[PDB]
Amino acid sequence: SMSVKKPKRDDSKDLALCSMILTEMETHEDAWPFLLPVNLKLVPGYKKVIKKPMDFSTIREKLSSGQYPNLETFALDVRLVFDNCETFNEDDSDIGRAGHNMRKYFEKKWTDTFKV
Ligand SMILES: CC(=O)c1cc(-c2ccccc2S(C)(=O)=O)c2cc(Oc3ccccc3)ccn12
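Residues numbered from 1 in each chain as written, not as in the entry; some residues may be left out. Heavy atoms only, no water. Residues with missing side-chain atoms left out of burial classes, pairs and counts.

Engineer: So what about the pattern of salt bridges? Which residues, and what values?
Structural biologist: Side chains that carry opposite charge are capable of pairing whenever their charged atoms lie near each other. Scanning the entire structure with this criterion turns up 10 salt bridges. With a shortest N-O distance of 2.9 Å, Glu-26 and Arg-60 are connected by a salt bridge. Here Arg-60 lies in helix α3 (residues 56–64) and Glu-26 lies in helix α1 (residues 14–26), a separation of 34 residues in the sequence. For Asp-83, the salt bridge is made with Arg-103, and the minimal N-O distance between the two is 2.7 Å. One end of the pair, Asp-83, is in helix α4 (residues 71–88); the other, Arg-103, is in helix α5 (residues 94–114), with 20 residues separating them in the sequence. (Salt bridge = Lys/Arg side-chain N within 4 Å of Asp/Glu carboxyl O. Helix = DSSP H or I, 4+ residues; strand = E, 2+ residues; numbered from the N terminus.)

What follows is the structure, given as structure tokens:
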């Protein structure tokens, strides 16, 4: 509260660390469904069903241009990729499996990087 400062984590390396995580994501063999925005002209349903599309190229651009206020906003966009993937794709399909794999990959890096 006013004039009562809470201790806060050192956030100075967050940008570099999130960039590194995103690079690891981008180069994963199963990243292929997530590299570019879902093609709204070619993918019937997508536009209407998925209210907030997100993908790794969009996140990279946002990260490179100061559009994440903090590391949590970054993680929210990463998780949004995988949440959209699950909404739109069967768990059993190649894309749905890829999404599950990439979510797991991401969360382990997230915990290992930012949870002490
Ligand atoms: C993430 C997702 O739901 C998704 C991703 C693609 C896709 C897959 C392969 C290459 C490129 C893309 S993208 C990001 O350019 O859309 C995809 C494709 C979908 O429908 C198809 C599938 C085959 C042919 C045409 C459209 C549906 C969902 N996604």
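Now, onward.
Engineer: Describe the side chain of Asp-30, naming the residues involved and giving the relevant values.
Structural biologist: Structurally, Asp-30 is set in the loop between α1 and α2 (46–49). It turns out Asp-30 is buried and unbridged, and the closest side chain with the opposite charge, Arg-97, is 9.7 Å from it. Beyond its immediate stretch of four places on either side in the chain, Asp-30 contacts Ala-98, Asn-101 and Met-102. (Buried < 20%, exposed > 50% of the residue type's maximum accessible area, 1.4 Å probe, protein only. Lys, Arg positive; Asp, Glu negative; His and termini not counted. Contact = heavy atoms within 4.5 Å.)

Engineer: Residue-level account of the packing of α4 against α5, with values.
Structural biologist: Interhelical geometry of α4 versus α5 gives an angle of 160° and a closest axis separation of 8 Å. Judged on the interaxial angle alone, α5 and α4 are roughly antiparallel. Both α4 and α5 take part in a crossing whose hand is left-handed. Between α4 and α5, the contacting residues are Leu-71, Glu-72, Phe-74, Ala-75, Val-78, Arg-79, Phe-82, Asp-83, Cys-85 and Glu-86 on the first element and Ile-95, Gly-96, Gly-99, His-100, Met-102, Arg-103, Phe-106, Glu-107, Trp-110 and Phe-114 on the second. Class assignment for the residues of the contact of α4 with α5 results in 11 nonpolar, three polar and six charged. (Axes fitted to C-alpha atoms, helices over the stretch in contact; angles between N-to-C directions. Parallel < 35°, antiparallel > 145°, perpendicular 65-115°, else oblique. Left-handed = near helix turned anticlockwise from the far one by under 90°. Nonpolar A, V, L, I, M, F, W, Y, C, P; charged D, E, K, R; others polar.)

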